[PDB]
Amino acid sequence: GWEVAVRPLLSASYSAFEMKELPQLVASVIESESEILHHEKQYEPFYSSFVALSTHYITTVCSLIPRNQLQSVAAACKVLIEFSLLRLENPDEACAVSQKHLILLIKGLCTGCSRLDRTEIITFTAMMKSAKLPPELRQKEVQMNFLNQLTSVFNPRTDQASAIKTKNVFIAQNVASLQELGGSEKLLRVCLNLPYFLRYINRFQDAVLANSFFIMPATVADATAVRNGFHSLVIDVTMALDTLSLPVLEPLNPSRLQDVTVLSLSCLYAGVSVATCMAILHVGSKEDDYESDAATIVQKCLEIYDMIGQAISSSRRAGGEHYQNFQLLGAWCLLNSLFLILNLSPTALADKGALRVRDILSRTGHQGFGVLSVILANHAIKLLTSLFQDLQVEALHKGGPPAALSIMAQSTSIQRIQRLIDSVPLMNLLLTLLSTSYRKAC
Amino acid sequence: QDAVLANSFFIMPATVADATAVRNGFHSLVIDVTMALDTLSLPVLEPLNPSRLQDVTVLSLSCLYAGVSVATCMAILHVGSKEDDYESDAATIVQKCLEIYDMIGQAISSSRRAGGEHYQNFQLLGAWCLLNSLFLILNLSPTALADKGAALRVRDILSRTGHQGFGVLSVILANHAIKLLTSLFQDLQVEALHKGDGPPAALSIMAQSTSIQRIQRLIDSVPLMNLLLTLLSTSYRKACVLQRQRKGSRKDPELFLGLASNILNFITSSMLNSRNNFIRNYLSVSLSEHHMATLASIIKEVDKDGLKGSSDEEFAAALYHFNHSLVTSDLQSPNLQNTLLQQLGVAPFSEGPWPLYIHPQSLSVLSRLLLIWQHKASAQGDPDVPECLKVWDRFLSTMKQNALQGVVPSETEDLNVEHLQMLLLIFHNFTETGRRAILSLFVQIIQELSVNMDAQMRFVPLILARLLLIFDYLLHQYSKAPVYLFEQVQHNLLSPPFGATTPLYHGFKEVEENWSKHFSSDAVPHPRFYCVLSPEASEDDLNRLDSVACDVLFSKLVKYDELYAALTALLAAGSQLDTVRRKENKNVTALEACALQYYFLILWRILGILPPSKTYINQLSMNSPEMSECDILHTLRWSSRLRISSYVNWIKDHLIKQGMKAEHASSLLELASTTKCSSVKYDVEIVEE
């Protein structure tokens, strides 16, 4: 009987999914639920490919599913999301699906559409063609959709827009299944346990101790090594961004809020370090491919910063001073990165052959600064504008130690700005950036 | 401020005279309110620092308290009862007051200095104030009013413990209160399960409290469930009143309907669907038989409304949504379930006649409850649910009684198709013991109804007709349950009633067509001529009766040899109705003619699928008796059958099963066969006679 299932699958693989065969696969999954959840690695590939293809096809027909059959679709999708989160929590070698692809499958079950590419879809079909598996039927099917309608009612609250609305329900109840599995949390665990993200988070956390900002991709050799580590880092940043687009960080509670800030400041630092490495590359010295990779990395770095910022801002469990302090920390990181990229010369790099803003400060502009440098800089300017507007009103009609590098850290406006001023001669950094930009534009 | 202490909510215009004085001061109050609102509207309080945040919050609540006070004073005036001018001032005050609250609120929420937990506590304070005021206003009775004839202590009413005083202003406050309630409950939900106890949250924006504590505070301050239901009932009833007025303060029933619908949605989602244990526990405890009765009343009111309208439809759907939630939710105790069923009149263990016709939600709810009960038993392999077996036996009897009386019922007094469908579904879930007992009871009922032929011959048969549709469907399907019936029930009873003007009955082709003609032209308001065995394919007469049904018929429980007679004799039912109504210069109405056509059709199919019994084969083997009108009809039918061997076989094998000696069978069949001209001459002589 496993045969007929791969069957509707391939029939639909050819020319879209036959809604008619759909009520068959839903049944299949809802049943083999326990099998998919607990199976032997002998048929891991089979089960994994089954789940991926099922998710993709159910998302393809998300907008068009019989309103009566809609509930069974939601049950089968809860089973599929269970398998996906289980795998993302416990990475398995016998699994035939990549963590990026699994995160993307959860994203699609929980979002408007699936994104698994067709090349990868045919790869899944081949891993399924592996066949490495371990009337009356109509009656059973309807009786089951029955035990479903009965037991639980859709509470379907919240003909060219009815598709919109069905997608809406699909999405919503799938999101609910996730929250149901606390996958959002499981998924924060996953985001904090990425292979390249572990080290980036370690360095950024070492830095919240006011140990100067200390980007590491800096020695000629270290920048060569990170250009080597550029492509794989893109893979991790992309995966993290795809994951944190879902309601992964919905309940921003101090506890979780800390980790949410951690991951955000983590890509911030990873991106600033990649920018510093590109700065060393242009100052000290497939290359175009690596350049595009690093550009994408810095872009998604700023994007994740912005996402976590807006999350803390519109949250009912976080925001105000908490959001203000997240902004403060982001601005600190960006300004320190700008300073490091500005003050690096062929001379210094060659002599080195772990920059410290305080090191350069005690020792005491052009070059290194580039297009990625423009990006970090514009963002820093936004954040500084915000903090300074705060300081205005605060001193309404003209109206402590530097703000600690922590999200919940309590500080006055003047204080956040004093920490941002004690980390870099600010007037200097700003004017230097102005001059350099003007010159380069000329 | 005094109220914030110990949530001692109070209002000073409790006395009508007090309210009158308050009204007198309405004008300047309006000016103050407008002025304050405008001042807040213009760029002000940019930094909501704790101190400023508190000050801003105070003003928000200041207007808030004033607005509810005005609403209360008006309610007091009404119960006691420039007039419009004062009403205008009061309405303006309430509206602008709520607007001040909302401004200060968006400010807190969006601000960068205190925008989140402070917003949440501001919302608690607001709800608390709104809920307290609403509760107080509803609790204001002219009696208590004159008794007083000043602080309206909510605690006193509760501690001490019509519902008049609810009006447009009450609706406004209720709506805003609902909004605040929804938010705090959504907050509860986002939190994972059972995060935690603790004390009622404190009435302070700065005070940091758990969402549960905030909700706990609201519940402790005022009974959330009671207030919600009170508002719901009052709103719906008031809307109905306005509707009646229109058939014969805002007179828009939709307004109250909207509020009522919102209340249903809030409870169902924020509470009923809430997985929070605390919430569920509170709900279960809050739930009372009184609430069930109120809910039942509203259901019946909606079901018996007879007017879909527009907003009414939305409210109706929401009502069902709430009803089904209750039926599925374990919060509703079995005691509460039975209470609601009795209040609807569909109690599955009540006495008297079974309600043949059941109202659209009264039926849907009953079906959901009974089916969930049968599933519970089936899940653990428990014995047939006694409740559903009693529905079945009280139905079979309202019916033996109805057919014994042979009185044509009205559409409101006739079994609805969807009801028949859910009953067949329940019959299936029953074990062999239950379904066999139902079959035996049906046989006994038909046999007893045949005891008086004269009465049956002069009665209209719509009800022996429905009993035999039932028995017929039982015959064809007595083991496996059909796919259509499932779909049928799910689509009709177990699915949102929005506002699909169709059930889903396999109607009779011949009967329904004739009805339509001699019937309302707009649409067929009701299926009175339908079928529940599907427009099936014409299988060979043989093998129609479900093998297991055949086995039961020939078991000791069923005396088929004699049910054959009661069935043959029954054909004369409603034969002299035309002879009677014409003698009395009356014409068989369309319903009556249609019914008579329906009955012959149903009994004709039954006589055909049921195997000829031994006594009757023996008769076909003598022919001396009268073989009356219908008797000869049946005889010719079976002779034609016997001419064909398949039927010979079918009938002879049934005789072997019947228990008749096999050789006896052979001989009888032979004689009846009258092979060759023998049969020709036999036909001839029977028609000759």
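Our subject is the structure that appears above.
Calculation criteria
- Residues numbered from 1 in each chain as written, not as in the entry; some residues may be left out.
- Chains lettered and ligands numbered in written order.
- Part of a larger assembly, values for the part shown.
- Heavy atoms only, no water.
- Residues with missing side-chain atoms left out of burial classes, pairs and counts.
- Helix = DSSP H or I, 4+ residues; strand = E, 2+ residues; numbered from the N terminus.
- Contact = heavy atoms within 4.5 Å.
- Nonpolar A, V, L, I, M, F, W, Y, C, P; charged D, E, K, R; others polar.
- Disulfide = S-S within 2.5 Å.
- Buried < 20%, exposed > 50% of the residue type's maximum accessible area, 1.4 Å probe, protein only.
- Core = buried A, V, L, I, M, F, W, Y, C linked by side-chain atoms within 4.5 Å.
- Arc of directions from axis to C-beta.

Colleague: Could you clarify how one ought to interpret unusual backbone geometry in this entry?
Modeller: Where the residue is not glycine, phi is negative for most of them; where a peptide bond is considered, it is trans in most cases. One non-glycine residue, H397 of chain A, lies in the positive phi region at around 50°. The residue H397 of chain A is located in the loop between α18 (371-394) and α19 (413-422) in this model. Backbone geometry at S534 of chain B places phi at a positive 70°, although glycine is not the residue there. Here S534 of chain B is to be found in the loop between α23 (509-517) and α24 (547-553).

Colleague: Hey, could you run me through the interface of chain B and chain A in this one?
Modeller: Many analyses report the size of an interface as the accessible area lost when the parts associate. At the interface, 36 residues of chain B touch 35 residues of chain A. Elements that contribute at least two residues to the side of chain B that touches chain A include exactly α5 (117-139), α8 (168-190), α11 (253-272), α14 (311-328), α16 (360-379) and α22 (483-492) of chain B. Looking at the side of chain B that touches chain A, its residues break down into ten nonpolar, 15 polar and eleven charged.

Colleague: I keep staring at the state of the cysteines and nothing clicks. Help me out?
Modeller: In this structure the tally under the stated criterion is two disulfides over all chains. A sulfur-sulfur separation of 2.1 Å characterises the disulfide bridge that pairs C267 of chain A with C301 of chain A. Handedness of the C267 of chain A-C301 of chain A disulfide follows from its S-S torsion of about -90°: it is left-handed. According to the relative accessible area criterion, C267 of chain A is buried, its value standing at 0%. Each sulfur in the disulfide pair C63 of chain B and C97 of chain B lies 2.0 Å from the other. In this structure the cystine formed by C63 of chain B and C97 of chain B twists about its S-S bond by roughly -75°; its chirality is therefore left-handed. Judged by relative accessible area, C63 of chain B falls into the buried class, the value being 6%. With no disulfide of its own, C73 of chain B lies 12 Å from the sulfur of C97 of chain B, the closest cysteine sulfur.

Colleague: Explain the nonpolar core to me, please; I cannot follow it from the model alone.
Modeller: In this structure, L218, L224, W392 and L610 of chain B are the most contacted members of the largest nonpolar core, which totals 237 residues. Considering every element that reaches this core, the biggest residue donor is helix α3 (residues 50-80) of chain B, with 14 residues. In contact with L224 of chain B, not counting residues within four places along its chain, are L131, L181, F185, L218, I219, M271 and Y282 of chain B. Of all hydrophobic cores here, the second largest spans 143 residues; its members include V169, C191, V283 and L429 of chain A.

Colleague: Explain helix α1 (residues 2-15) of chain A to me, please; I cannot follow it from the model alone.
Modeller: Spacing of three or four residues puts side chains on the same side of an α-helix, whose turn is 3.6 residues. All names here are of chain A. When α1 is considered as a whole, its buried residues turn out to be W2, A5, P8, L9 and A12. Buried residues along α1 cover an arc of 135° about the axis, so they all sit on one side. Away from its buried face, by an angle of more than 90 degrees, α1 presents the exposed residues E3 and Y14. Those residues of α1 that are buried lie in contact with α2 (22-37), α3 (44-60) and α6 (118-129). One or two residues past the end of α1 sits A16, with phi positive at roughly 60°.

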